[PDB]
Each structure stands twice: as C-alpha cells, then as structure tokens.
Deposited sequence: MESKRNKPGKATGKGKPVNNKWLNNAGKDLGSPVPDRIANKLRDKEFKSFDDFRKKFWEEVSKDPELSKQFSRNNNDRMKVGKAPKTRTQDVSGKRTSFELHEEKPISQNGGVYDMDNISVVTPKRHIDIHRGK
C-alpha cells in the first residue's frame, strides 16, 4: 500500500520505441499528473491504473494498435513487438530502480527487462 508521486519526463509519439534500450521509457508526465497522490492497495493496482491512463491519453493511445488499446482499457499491458518478447512474457513490463515513485518506474520490454536484472 502507498500513494503514487513523482511526475516527470515529457513524452512524444515514439514513447516506447526504445523501451528495449537502457532503462526503458519513463512514466509520461501527463499520466503521472493523473496518478499523483492517488491511493493504491498493491503495485498490481497501480500497474492496472497506469495502463488505463495510457488508454485515455490521446497522444499516447495512438501509438498503439486497436488490440493494445483494448488491453489497456481493462488494465492489461500492451503486447510488445514479437522481437522484444521473452518466452511467455510478451507484454511491456514496469521496472523499479533499487514502490509508487513514478520517477523510479519505467516501462521496458520483457527481453530488455531480463538483461537489466542480470
């Protein structure tokens, strides 16, 4: 349990184009402002709220296919391009930098997330 805070880094129309590099993409600032100070019971809820926010933000929603926006409307993470999957983890994941500190959270591809941790 905890409240989200942070809010940072502006985003463009190639938001997740590089999710597979380095630390990935950051929490869009537009999204962070929508989630800041909100109350979440588990990180899973946050993740569920986060993806819903991405589906209601027009500038971001258009960077995804019809299928992916449907996923995000109900809180599921959008699928990554096939080249970025890792076994059965096939959707963008949220990485933490070592829990609702949105400036410490970033979006990365399964494949890239694996390497970062090892």
Numbered from 1 on the deposited sequence, the unmodelled stretches are 1 to 7, 106 to 112, 133 to 134
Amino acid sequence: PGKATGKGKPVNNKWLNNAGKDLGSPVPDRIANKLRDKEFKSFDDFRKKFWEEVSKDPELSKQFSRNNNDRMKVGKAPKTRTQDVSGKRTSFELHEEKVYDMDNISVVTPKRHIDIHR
From here on, numbers count along this sequence of modelled residues.
5 to 13 versus 18 to 26 - which carries the larger mean C-alpha B factor in the record: 5 to 13
Read off the CA B-factors in the entry, average them over 49 to 57 and over 35 to 43, and name the higher stretch. 35 to 43
Within-chain third of residue 99 by Cα B-factor, per the entry: highest
